[PDB]
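The structure under discussion appears below in the form of structure tokens.
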Amino acid sequence: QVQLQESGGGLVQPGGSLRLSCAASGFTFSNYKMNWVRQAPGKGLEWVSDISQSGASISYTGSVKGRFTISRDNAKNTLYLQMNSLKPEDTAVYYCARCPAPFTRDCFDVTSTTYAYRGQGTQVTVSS
Amino acid sequence: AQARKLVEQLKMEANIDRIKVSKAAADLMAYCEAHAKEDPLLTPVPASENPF
Amino acid sequence: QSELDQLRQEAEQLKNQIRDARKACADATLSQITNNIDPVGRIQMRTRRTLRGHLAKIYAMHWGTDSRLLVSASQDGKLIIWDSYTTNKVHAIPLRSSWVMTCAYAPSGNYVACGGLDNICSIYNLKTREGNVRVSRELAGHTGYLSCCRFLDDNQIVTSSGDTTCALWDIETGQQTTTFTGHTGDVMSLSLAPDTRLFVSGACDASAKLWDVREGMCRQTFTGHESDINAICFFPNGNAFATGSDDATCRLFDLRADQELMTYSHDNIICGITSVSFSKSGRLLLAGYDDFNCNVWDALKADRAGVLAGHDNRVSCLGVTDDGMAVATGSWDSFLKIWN
Amino acid sequence: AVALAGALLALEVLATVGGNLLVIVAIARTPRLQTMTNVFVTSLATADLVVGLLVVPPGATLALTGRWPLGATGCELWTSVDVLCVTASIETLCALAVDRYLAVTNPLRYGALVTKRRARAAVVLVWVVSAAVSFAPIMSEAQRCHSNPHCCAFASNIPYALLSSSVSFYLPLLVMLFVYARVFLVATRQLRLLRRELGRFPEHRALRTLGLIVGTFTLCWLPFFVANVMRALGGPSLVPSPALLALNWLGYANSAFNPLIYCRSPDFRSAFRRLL
Amino acid sequence: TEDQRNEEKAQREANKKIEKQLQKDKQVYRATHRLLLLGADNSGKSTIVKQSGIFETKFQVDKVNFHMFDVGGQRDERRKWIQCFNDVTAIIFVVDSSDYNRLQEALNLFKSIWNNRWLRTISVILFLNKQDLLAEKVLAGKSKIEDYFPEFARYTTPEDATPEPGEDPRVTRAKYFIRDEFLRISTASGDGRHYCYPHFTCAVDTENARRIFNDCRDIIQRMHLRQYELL
Ligand SMILES: Nc1nc(CC(=O)Nc2ccc(CCNC[C@H](O)c3ccccc3)cc2)cs1
């Protein structure tokens with residue numbers, strides 16, 4: 001069964017650093033374009049950053065650009081997201097989505113309210 | 001009551017009786033072998049009885 | 001807060017118990033039992049008929065139980081009933097909504113149902129006392145597109161939808177007798193057991209479920225795939241079924257041992273299955289693909305043996321006759337071949 | 001060196017008939033190729049097949065051996081059939097030109113303008129006017145080869161020569177040229193728009209295609225028809241008949257080439273590989 | 001065998017009468033252009049329908065029948081029911097260029113529509129829908145596009161830009177930054193088989209169905225030019 005369980009971090013101060021890990025399993029990791037979506041408390045789902053099958057075509061959302069670094073490790077079936085210079089606007093739960101089909105450049109319907117290939121999430125609360 | 005529903009379903013499914021995959025494999029193989037004689041696609045039929 | 005995590009921990013331990021009960025009853029794989037049987041050959045089917053009257057892509061077809069008449073639906077809003085022996089079209093039913101994603105043919109031959117992105121399942125009366133094809137009912141309880149519909153009587157159609165809900169209807173009064181919930185995503189196709197005492201359903205969450213039709217309750221859940229399941233079909237003896245997903249793999253699940261037996265995958269096929277169906281003996285497993293051509297999988301060894309061809313676009317619908325004579329495959333180029 | 005004219009005949013008749021039959025067939029037994037512009041291509045391939053089957057061989061012999069091998073009635077049959085099929089091929093070339101004119105300069109109201117029934121009616125009118133032009137001299141070196149010395153005399157009546165060369169080549173030339181001029185203007189405009197609107201963030205193909213079309217048409221049929229107009233106006237002194245023969249052979253060479261100009265799409269190429 | 005010959009006769013006599021009406025339907029169905037109109041919840045597609053699970057809106061400009069249809073009945077996942085629309089002339093993608101918080105969502109939806117096996121030949125008509133709200137929001141100054149798009153501090157108005165006479169050099173830079181975001185997603189992968197035709201629209205544009213005519217005519221003319229090996 002396709003499962004993607006994240007293990008990130010908890011409480012950090014503004015400007016802190018944190019590294020989310022998403023051990024994907026139950027499917028061939030190398031064929032799918034992974035993602036990272038987040039849900040800020042009192043808001044909808046938004047997309048943060050993707051990465052292609054190899055780790056060659058990275059992309060980011062504007063707010064996350066320069067601060068977050070998404071990197072996959074196809075050898076151990078895991079997806080990382082290094083977070084630097086954390087701001088209070090980044091408090092959310094970080095789901096490690098993946099993409100519906102393999103060998104595709106479209107990642108369709110990935111921030112849907114009820115989406116099938118997506119983790120339970122980990123809460124990254126940045127405060128003091 | 002939500003995780004309650006999910007877990008009661010998952011329990012109900014954890015009660016049925018399972019046979020070995022060897023027995024189910026043998027049953028499927030036996031059905032295919034026993035009906036192999038009336039498969040117009042597997043064994044191609046002569047042009048006389050073929051309506052197409 | 002804590003009760004949710006506690007029940008989730010219990011559900012995880014219980015899923016581990018289910019997995020350990022399924023891995024204990026894994027004596028030997030089907031490929032080991034079938035290593036001693038003769039191969040199937042090289043099935044070379046040829047296009048015995050080419051049915052051409054549709055304007056736009058053909059999205060689904062269904063055979064009559066006489067193995068002669070079939071119905072097909074295309075996205076121009078036409079539901080045509082062909083005579084597959086003479087390639088004459090008996091009726092041409094002009095739908096109300098173009099976007100028709102499925103169709104069925106009553107297992108007696110009297111009625112025909114369709115229904116697509118308008119969330120309703122229209123039901124058409126073919127043998128009317130005036131000779132005209134009018135709409136008998138419009139089952140309008142679904143919230144989302146309608147991705148399959150299989151008659152079970154002249155009165156009791158069952159229907160799959162794009163809102164994770166299968167719904168058994170009652171064509172007489174027009175309201176759903178039962179509602180089957182439990183899927184997470186779009187549910188894409190269903191297939192009644194030969195006795196119609198239960199059925200299976202494949203959904204866009206990489207899982208299939210076995211539904212008791214009387215008790216209206218999910219009996220078992222089968223999850224071995226890796227992406228959306230686009231097509232499902234029962235083995236001719238109702239004790240197994242084959243799912244075809246978008247991860248480019250068909251699999252043979254069995255309701256009894258509750259596992260996956262075969263995996264019909266190769267290293268060169270990276271296109272996803274759009275249709276499956278068995279042969280009357282249950283040996284040949286047809287499978288329509290996105291690379292525009294069907295295959296014919298020997299469904300006891302997993303070796304391909306046979307390949308169909310001759311379509312311009314993807315193969316959308318594919319159905320073997322009830323007596324095992326022909327295999328009609330429609331495709332998005334609006335031509336419906338018939339093989340043999 | 002007439003001995004190698006044998007190889008010319010062999011590679012010409014075979015190419016013409018084989019190519020045009022292959023085109024007619026692949027259009028006939030493929031449901032994808034039966035568009036509303038391929039009925040014109042089928043008319044073209046039919047005209048060119050009739051030419052390469054029963055116009056090229058007799059005129060070929062008459063050119064090589066300066067004496068008509070058939071009889072007087074055979075001469076009349078050959079004359080009428082060549083005047084018919086040459087005009088039919090040129091007129092269906094003009095009709096293909098106007099077809100893709102309407103398809104490119106009126107793209108929205110095209111599939112409702114040129115349907116299958118109006119296409120077939122236009123093809124039928126093309127062949128009807130060609131047959132009318134061909135049967136003109138049956139009704140009614142002055143009367144020299146009409147003394148049956150076992151030669152074949154082309155209809156050198158000056159009015160018929162001017163009318164045949166006008167209705168057969170000079171009016172289709174006009175139409176096809178200004179049609180393809182407009183199509184070239186719009187194709188190059190769209191190319192320059194697209195190429196400016198594609199290279200904002202870090203080739204001539206209409207010229208090649210339209211040039212291939214109008215050039216393989218005019219290199220092969222313009223020599224003969226200016227020669228024919230001269231032979232009419234001036235006479236046998238201005239144009240001797242062997243020149244007219246070689247120049248007609250040029251046009252039959254054009255009918256050899258036509259299966260390659262209007263049948264280059266991947267649909268035709270796939271439907272050909274499916275045939276071979 | 002007279003009864004069987006009568007069977008076949010009255011079957012052919014019905015197939016003929018059916019294929020007659022079906023050729024009529026083929027004539028009608030090809031003079032009509034279909035246009036999947038999709039956007040977001042706040043985009044404003046409801047107000048470009050200027051006439052169940054679909055809102056068909058027929059309209060006719062210059063005697064050509066257009067047939068546009070919003071798809072509202074279904075839920076949020078659109079990866080399966082969107083394949084139904086691979087034979088439409090254009091895909092009218094309307095987006096509100098004012099709400100920056102939900103502009104990367106439209107960018108990602110456009111990038112998924114563009115790079116899709118079945119929509120890979122469909123060209124998108126891009127409507128940027130709330131130009132007056134965008135003018136207001138960017139002239140106010142409380143909302144900065146460089147908070148959501150960090151590369152707006154190094155952007156320079158296009159030289160080919162046509163700033164409507166009477167507007168600020170800030171509104172024009174703002175408009176064209178978003179238009180160029182969508183256009184760069186377009187040109188990064190679209191290999192001539194489909195195009196993107198961006199527009200700037202208000203909620204009162206009364207000449208907004210002529211701009212679909214002029215863009216579908218161009219889409220289809222480029223389709224013809226491209227199939228004649230002539231582009
Ligand atoms: N009066 C005289 N005859 C001769 C002897 C002689 O060889 N005559 C002759 C010359 C050429 C041809 C080929 C005909 N090419 C016709 C061409 O296809 C065409 C013409 C009009 C419209 C469309 C097409 C046949 C016979 C000496 S003097």
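Residue numbers start at 1 in each chain; chains themselves are named A, B, ... in the order of the structure tokens; ligands are numbered from 1 in the order shown.
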
Contacts with ligand 1 at most 6 Å, only C-alpha atoms and all ligand atoms counted, listed as a tab-separated table (two decimals) with N, CA and C atoms, in the first residue's frame:
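As written to disk, out.tsv reads:
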```tsv
chain	number	residue	atom	x	y	z
D	82	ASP	N	-5.57	11.76	-73.87
D	82	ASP	CA	-4.53	12.57	-73.26
D	82	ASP	C	-5.01	13.99	-73.02
D	83	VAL	N	-5.71	14.58	-74.00
D	83	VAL	CA	-6.27	15.90	-73.77
D	83	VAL	C	-7.24	15.89	-72.60
D	86	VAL	N	-4.81	15.08	-69.04
D	86	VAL	CA	-3.91	16.17	-68.71
D	86	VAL	C	-4.69	17.34	-68.13
D	87	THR	N	-5.78	17.72	-68.80
D	87	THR	CA	-6.61	18.81	-68.32
D	87	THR	C	-7.24	18.47	-66.98
D	141	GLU	N	1.50	21.49	-92.59
D	141	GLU	CA	0.93	20.14	-92.60
D	141	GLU	C	-0.58	20.20	-92.43
D	152	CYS	N	0.03	10.21	-86.27
D	152	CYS	CA	-0.98	10.78	-85.40
D	152	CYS	C	-0.80	12.29	-85.35
D	153	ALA	N	-1.85	13.03	-85.67
D	153	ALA	CA	-1.80	14.48	-85.77
D	153	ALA	C	-2.54	15.10	-84.59
D	154	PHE	N	-1.83	15.89	-83.79
D	154	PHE	CA	-2.48	16.63	-82.73
D	154	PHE	C	-3.38	17.71	-83.32
D	156	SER	N	-4.30	20.70	-84.35
D	156	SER	CA	-3.56	21.94	-84.53
D	156	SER	C	-4.43	23.08	-85.04
D	164	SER	N	-7.67	25.23	-75.74
D	164	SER	CA	-7.20	24.13	-74.91
D	164	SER	C	-6.07	24.58	-74.00
D	165	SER	N	-5.10	25.34	-74.52
D	165	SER	CA	-4.01	25.80	-73.68
D	165	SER	C	-4.47	26.83	-72.66
D	168	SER	N	-6.78	24.85	-70.07
D	168	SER	CA	-6.09	23.70	-69.50
D	168	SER	C	-4.92	24.12	-68.62
D	241	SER	N	7.26	19.49	-84.49
D	241	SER	CA	6.55	18.51	-83.67
D	241	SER	C	7.41	17.69	-82.71
D	244	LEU	N	7.37	19.53	-79.47
D	244	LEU	CA	6.10	19.35	-78.78
D	244	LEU	C	6.03	17.98	-78.12
D	245	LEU	N	6.60	16.96	-78.75
D	245	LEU	CA	6.56	15.62	-78.17
D	245	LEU	C	7.40	15.54	-76.90
D	248	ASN	N	5.59	17.47	-74.14
D	248	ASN	CA	4.51	16.72	-73.53
D	248	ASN	C	5.05	15.64	-72.61
```

Distance limit 7 Å, atoms considered: only C-alpha atoms. Which chain A residues sit that close to chain E? Return them as a PyMOL selection string.
chain A and resi 62-63+105-109+112

Those residues with N, CA, C and O atoms, as an mmCIF file, in the first residue's frame please?
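Heads up, here's the output in out.cif:
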```
data_model
loop_
_atom_site.group_PDB
_atom_site.id
_atom_site.type_symbol
_atom_site.label_atom_id
_atom_site.label_comp_id
_atom_site.auth_asym_id
_atom_site.auth_seq_id
_atom_site.Cartn_x
_atom_site.Cartn_y
_atom_site.Cartn_z
ATOM 1 N N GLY A 62 7.052 31.141 -4.140
ATOM 2 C CA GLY A 62 7.806 32.360 -3.900
ATOM 3 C C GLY A 62 8.238 32.521 -2.456
ATOM 4 O O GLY A 62 9.422 32.709 -2.174
ATOM 5 N N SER A 63 7.291 32.431 -1.526
ATOM 6 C CA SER A 63 7.588 32.624 -0.114
ATOM 7 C C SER A 63 8.663 31.679 0.398
ATOM 8 O O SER A 63 9.359 32.016 1.359
ATOM 9 N N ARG A 105 5.028 14.739 -16.379
ATOM 10 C CA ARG A 105 5.461 16.071 -15.988
ATOM 11 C C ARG A 105 4.341 16.898 -15.373
ATOM 12 O O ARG A 105 4.624 17.905 -14.715
ATOM 13 N N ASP A 106 3.086 16.499 -15.564
ATOM 14 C CA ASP A 106 1.956 17.115 -14.885
ATOM 15 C C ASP A 106 1.746 16.433 -13.545
ATOM 16 O O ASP A 106 1.706 15.202 -13.470
ATOM 17 N N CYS A 107 1.607 17.225 -12.495
ATOM 18 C CA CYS A 107 1.304 16.694 -11.175
ATOM 19 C C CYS A 107 -0.075 17.232 -10.843
ATOM 20 O O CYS A 107 -0.208 18.363 -10.372
ATOM 21 N N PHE A 108 -1.100 16.426 -11.091
ATOM 22 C CA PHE A 108 -2.451 16.943 -11.189
ATOM 23 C C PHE A 108 -3.163 16.719 -9.864
ATOM 24 O O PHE A 108 -3.041 15.649 -9.264
ATOM 25 N N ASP A 109 -3.918 17.726 -9.419
ATOM 26 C CA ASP A 109 -4.791 17.611 -8.247
ATOM 27 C C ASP A 109 -4.027 17.110 -7.024
ATOM 28 O O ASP A 109 -4.367 16.089 -6.432
ATOM 29 N N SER A 112 -5.515 18.782 -3.287
ATOM 30 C CA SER A 112 -6.937 18.581 -3.085
ATOM 31 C C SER A 112 -7.224 18.340 -1.608
ATOM 32 O O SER A 112 -6.354 17.921 -0.839
#
```

Determine which residues of range 78-242 of chain C DSSP labels as strand (DSSP E) from the backbone of this structure, then write them out as a ChimeraX atom specification.
/C:78-83,88-94,103-105,111-114,121-125,134-139,148-150,158-160,167-168,187-192,198-203,207-212,218-222,229-234,241-242

What lies within 10 Å of range 301-303 of chain C using only C-alpha atoms, ignoring chain neighbours under 5 positions off, as a compact mmCIF listing (two decimals) with N, CA, C and O atoms, in the first residue's frame?
```
# COMPACT_ATOMS: atom_id res chain seq x y z
N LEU C 30 1.29 -18.18 -7.59
CA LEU C 30 0.61 -18.79 -8.73
C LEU C 30 1.58 -19.17 -9.83
O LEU C 30 1.36 -20.17 -10.53
N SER C 31 2.66 -18.42 -10.01
CA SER C 31 3.62 -18.76 -11.06
C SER C 31 4.31 -20.09 -10.78
O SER C 31 4.72 -20.77 -11.72
N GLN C 32 4.43 -20.48 -9.51
CA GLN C 32 5.01 -21.77 -9.19
C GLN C 32 4.05 -22.92 -9.47
O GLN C 32 4.48 -24.00 -9.90
N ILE C 33 2.75 -22.71 -9.25
CA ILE C 33 1.78 -23.75 -9.56
C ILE C 33 1.60 -23.89 -11.07
O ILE C 33 1.30 -24.98 -11.58
N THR C 34 1.80 -22.80 -11.81
CA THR C 34 1.58 -22.81 -13.25
C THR C 34 2.86 -23.08 -14.05
O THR C 34 2.81 -23.06 -15.28
N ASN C 35 3.99 -23.33 -13.38
CA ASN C 35 5.21 -23.63 -14.12
C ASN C 35 5.12 -24.92 -14.92
O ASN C 35 5.92 -25.13 -15.83
N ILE C 37 2.29 -26.11 -16.57
CA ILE C 37 1.23 -26.13 -17.57
C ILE C 37 1.78 -25.59 -18.88
O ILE C 37 2.73 -24.80 -18.90
N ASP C 38 1.18 -26.01 -19.98
CA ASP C 38 1.66 -25.60 -21.29
C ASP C 38 1.33 -24.13 -21.54
O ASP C 38 0.31 -23.62 -21.06
N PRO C 39 2.18 -23.42 -22.28
CA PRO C 39 1.87 -22.04 -22.63
C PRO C 39 0.63 -21.96 -23.50
O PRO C 39 0.12 -22.95 -24.01
N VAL C 40 0.15 -20.73 -23.68
CA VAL C 40 -1.11 -20.53 -24.37
C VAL C 40 -0.93 -20.49 -25.88
O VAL C 40 -1.88 -20.79 -26.62
N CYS C 250 -1.50 -4.67 -14.67
CA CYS C 250 -2.70 -5.38 -14.26
C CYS C 250 -2.32 -6.34 -13.15
O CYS C 250 -1.19 -6.82 -13.10
N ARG C 251 -3.26 -6.62 -12.25
CA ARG C 251 -3.03 -7.59 -11.19
C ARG C 251 -4.27 -8.44 -11.02
O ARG C 251 -5.39 -7.99 -11.26
N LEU C 252 -4.06 -9.68 -10.59
CA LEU C 252 -5.13 -10.64 -10.36
C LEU C 252 -5.27 -10.84 -8.87
O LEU C 252 -4.42 -11.48 -8.24
N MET C 262 -1.15 -12.66 -9.44
CA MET C 262 -0.31 -12.36 -10.59
C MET C 262 -0.08 -10.86 -10.69
O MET C 262 -0.83 -10.05 -10.15
N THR C 263 0.98 -10.51 -11.42
CA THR C 263 1.28 -9.13 -11.76
C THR C 263 1.61 -9.10 -13.25
O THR C 263 2.60 -9.70 -13.67
N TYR C 264 0.77 -8.43 -14.03
CA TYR C 264 0.91 -8.43 -15.48
C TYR C 264 1.60 -7.14 -15.90
O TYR C 264 0.99 -6.19 -16.39
N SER C 265 2.91 -7.12 -15.70
CA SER C 265 3.74 -5.97 -15.99
C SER C 265 4.98 -6.40 -16.76
O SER C 265 5.48 -7.51 -16.59
N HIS C 266 5.47 -5.49 -17.60
CA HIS C 266 6.72 -5.66 -18.32
C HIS C 266 7.52 -4.37 -18.18
O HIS C 266 7.00 -3.34 -17.74
N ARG C 283 -8.57 -17.70 -19.28
CA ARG C 283 -7.14 -17.81 -19.53
C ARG C 283 -6.57 -16.55 -20.15
O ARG C 283 -5.54 -16.05 -19.69
N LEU C 284 -7.21 -16.03 -21.19
CA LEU C 284 -6.75 -14.81 -21.82
C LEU C 284 -7.30 -13.60 -21.08
O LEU C 284 -8.51 -13.53 -20.83
N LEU C 285 -6.43 -12.67 -20.73
CA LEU C 285 -6.81 -11.41 -20.10
C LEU C 285 -6.52 -10.28 -21.07
O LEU C 285 -5.38 -9.83 -21.18
N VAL C 296 -2.91 -9.18 -24.91
CA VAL C 296 -3.61 -10.41 -24.54
C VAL C 296 -2.69 -11.15 -23.58
O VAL C 296 -1.78 -11.87 -24.00
```

Rows by chain and residue number, chain C within 10 Å of chain A, shortest pair, only C-alpha atoms, as a Markdown table:
```
| residue | atom | partner | partner_atom | distance |
| --- | --- | --- | --- | --- |
| C:183 | CA | A:116 | CA | 9.9 |
| C:184 | CA | A:116 | CA | 6.6 |
| C:185 | CA | A:116 | CA | 6.6 |
| C:186 | CA | A:116 | CA | 10.0 |
| C:204 | CA | A:116 | CA | 7.8 |
| C:205 | CA | A:116 | CA | 5.3 |
| C:206 | CA | A:2 | CA | 7.8 |
| C:207 | CA | A:1 | CA | 8.5 |
| C:222 | CA | A:1 | CA | 9.5 |
| C:223 | CA | A:1 | CA | 5.9 |
| C:224 | CA | A:1 | CA | 5.8 |
| C:225 | CA | A:1 | CA | 7.1 |
| C:226 | CA | A:27 | CA | 5.9 |
| C:227 | CA | A:100 | CA | 6.1 |
| C:228 | CA | A:100 | CA | 7.2 |
| C:245 | CA | A:101 | CA | 9.5 |
| C:246 | CA | A:101 | CA | 6.2 |
| C:247 | CA | A:101 | CA | 6.4 |
| C:248 | CA | A:102 | CA | 8.9 |
| C:270 | CA | A:103 | CA | 7.6 |
| C:271 | CA | A:103 | CA | 8.9 |
| C:272 | CA | A:101 | CA | 8.8 |
```

Write the residues you've just listed into a file as a tab-separated table (two decimals), in the first residue's frame, and include N, CA, C and O atoms for each of them.
```tsv
chain	number	residue	atom	x	y	z
C	183	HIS	N	-14.62	4.30	-0.33
C	183	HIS	CA	-13.51	4.70	-1.17
C	183	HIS	C	-13.07	6.12	-0.82
C	183	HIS	O	-13.86	6.95	-0.37
C	184	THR	N	-11.79	6.39	-1.05
C	184	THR	CA	-11.19	7.69	-0.78
C	184	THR	C	-11.26	8.64	-1.96
C	184	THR	O	-11.52	9.83	-1.78
C	185	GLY	N	-11.05	8.14	-3.18
C	185	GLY	CA	-11.09	8.99	-4.35
C	185	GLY	C	-12.12	8.55	-5.37
C	185	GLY	O	-12.89	7.64	-5.10
C	186	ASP	N	-12.16	9.22	-6.52
C	186	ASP	CA	-13.03	8.86	-7.62
C	186	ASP	C	-13.07	7.35	-7.78
C	186	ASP	O	-12.03	6.70	-7.84
C	204	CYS	N	-9.85	5.73	-7.62
C	204	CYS	CA	-8.63	6.50	-7.81
C	204	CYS	C	-7.91	6.72	-6.49
C	204	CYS	O	-7.53	7.83	-6.14
C	205	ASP	N	-7.72	5.65	-5.73
C	205	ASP	CA	-6.90	5.70	-4.53
C	205	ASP	C	-6.08	4.43	-4.39
C	205	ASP	O	-5.63	4.09	-3.29
C	206	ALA	N	-5.89	3.71	-5.50
C	206	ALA	CA	-5.05	2.52	-5.55
C	206	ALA	C	-5.58	1.40	-4.67
C	206	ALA	O	-4.84	0.74	-3.95
C	207	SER	N	-6.89	1.16	-4.75
C	207	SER	CA	-7.53	0.15	-3.92
C	207	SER	C	-8.84	-0.26	-4.54
C	207	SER	O	-9.53	0.56	-5.15
C	222	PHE	N	-8.93	-4.58	-1.31
C	222	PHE	CA	-7.74	-5.08	-1.98
C	222	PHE	C	-6.91	-3.88	-2.39
C	222	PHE	O	-7.38	-3.04	-3.18
C	223	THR	N	-5.70	-3.78	-1.87
C	223	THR	CA	-4.79	-2.68	-2.19
C	223	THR	C	-3.40	-3.25	-2.42
C	223	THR	O	-2.70	-3.62	-1.48
C	224	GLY	N	-3.02	-3.35	-3.69
C	224	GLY	CA	-1.68	-3.76	-4.04
C	224	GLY	C	-1.09	-2.89	-5.13
C	224	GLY	O	0.11	-2.97	-5.41
C	225	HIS	N	-1.92	-2.06	-5.73
C	225	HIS	CA	-1.51	-1.25	-6.87
C	225	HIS	C	-0.68	-0.07	-6.40
C	225	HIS	O	-0.25	0.00	-5.24
C	226	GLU	N	-0.43	0.87	-7.30
C	226	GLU	CA	0.36	2.05	-6.99
C	226	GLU	C	-0.23	3.35	-7.50
C	226	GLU	O	0.31	4.40	-7.18
C	227	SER	N	-1.30	3.31	-8.27
C	227	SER	CA	-1.94	4.53	-8.73
C	227	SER	C	-3.40	4.23	-9.04
C	227	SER	O	-3.93	3.18	-8.68
C	228	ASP	N	-4.05	5.18	-9.71
C	228	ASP	CA	-5.48	5.11	-9.98
C	228	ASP	C	-5.82	3.80	-10.65
C	228	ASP	O	-5.09	3.35	-11.53
C	245	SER	N	-4.48	-0.49	-13.57
C	245	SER	CA	-4.23	0.82	-13.02
C	245	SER	C	-3.40	1.68	-13.96
C	245	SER	O	-3.05	1.26	-15.06
C	246	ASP	N	-3.08	2.89	-13.51
C	246	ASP	CA	-2.28	3.83	-14.28
C	246	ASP	C	-0.80	3.71	-14.00
C	246	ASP	O	-0.01	4.45	-14.60
C	247	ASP	N	-0.38	2.81	-13.11
C	247	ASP	CA	1.03	2.50	-12.95
C	247	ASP	C	1.50	1.47	-13.96
C	247	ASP	O	2.57	0.87	-13.77
C	248	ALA	N	0.73	1.25	-15.03
C	248	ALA	CA	1.08	0.32	-16.10
C	248	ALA	C	1.26	-1.10	-15.57
C	248	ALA	O	2.33	-1.70	-15.69
C	270	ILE	N	5.17	1.47	-20.20
C	270	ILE	CA	5.09	2.55	-19.23
C	270	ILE	C	3.83	3.39	-19.46
C	270	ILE	O	3.76	4.53	-19.02
C	271	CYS	N	2.84	2.82	-20.14
C	271	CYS	CA	1.55	3.45	-20.33
C	271	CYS	C	0.52	2.69	-19.50
C	271	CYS	O	0.65	1.49	-19.28
C	272	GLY	N	-0.51	3.40	-19.04
C	272	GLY	CA	-1.44	2.80	-18.11
C	272	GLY	C	-2.61	2.12	-18.80
C	272	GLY	O	-3.03	2.50	-19.88
```

Between C:340, C:316, C:321, C:47, smallest distance to chain E by only C-alpha atoms belongs to C:316

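The list of chain E residues within 6 Å of chain D is residues 31, 217, 220, 221, 230 and 231 of chain E; this uses only C-alpha atoms.
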
With N, CA and C atoms kept, could you save the residues just selected as a compact mmCIF listing (two decimals), in the first residue's frame?
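Wrote it out as again-v9.txt, contents follow:
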```
# COMPACT_ATOMS: atom_id res chain seq x y z
N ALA E 31 -19.52 22.24 -37.45
CA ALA E 31 -19.59 23.69 -37.56
C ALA E 31 -19.74 24.35 -36.20
N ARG E 217 -10.09 31.31 -34.26
CA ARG E 217 -9.76 31.38 -35.68
C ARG E 217 -8.26 31.23 -35.89
N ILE E 220 -7.10 27.56 -35.08
CA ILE E 220 -7.43 26.61 -36.13
C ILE E 220 -6.66 26.89 -37.41
N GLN E 221 -6.41 28.16 -37.73
CA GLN E 221 -5.59 28.47 -38.89
C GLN E 221 -4.16 27.97 -38.71
N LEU E 230 3.34 23.58 -43.62
CA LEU E 230 3.35 24.92 -44.20
C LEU E 230 3.61 26.01 -43.17
N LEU E 231 4.01 25.67 -41.96
CA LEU E 231 4.25 26.68 -40.93
C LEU E 231 5.73 27.06 -40.86
```
